[PDB]
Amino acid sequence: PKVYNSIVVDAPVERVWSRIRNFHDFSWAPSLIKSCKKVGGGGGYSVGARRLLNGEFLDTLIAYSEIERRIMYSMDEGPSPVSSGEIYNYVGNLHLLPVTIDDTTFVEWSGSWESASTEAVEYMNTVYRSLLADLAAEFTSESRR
């Protein structure tokens, strides 16, 4: 199955990227993400780097693009209904584009995986919408004053 969620953020793309570009800095989504621990070697832009979030999501960075402003990762472990016992080949894909007419930012987040069920679809929609909502709340049409 797969999910796709997107929002427009009232801040220039360079600023939004500067904030989210580090695979080991998730401080920008404090609602859902309570802890983000580096695991394995490699820094925040090093493909192969890993992280553990909330003590239960284990992610590996599988692709990074400075030029396209994209971060892609596998979710290697997670809580039900996205545990490794119920899904496989989970790939997350977070990507920015400029909205040039008013110098804002389009943010898209895709997820896809294999599974015998669609049980995880609602759950990841909820997760991604929360993460994106934090990102938007940080860059408001008035927070840009």
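Quick note: we count residues from 1 along the sequence shown, nothing fancier.
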query	finding
Stretch with the greater mean C-alpha B-factor as recorded in the entry, comparing 115-123 against 43-51	115-123
Stretch with the greater mean C-alpha B-factor as recorded in the entry, comparing 134-142 against 1-9	134-142
Most elevated Cα B-factor in the entry, residues 87, 67, 58, 96	87
Which of 101, 63, 91, 107 ranks first by CA B-factor in the deposited coordinates	101
Third of the chain, ranked by Cα B-factor, where residue 33 sits	middle
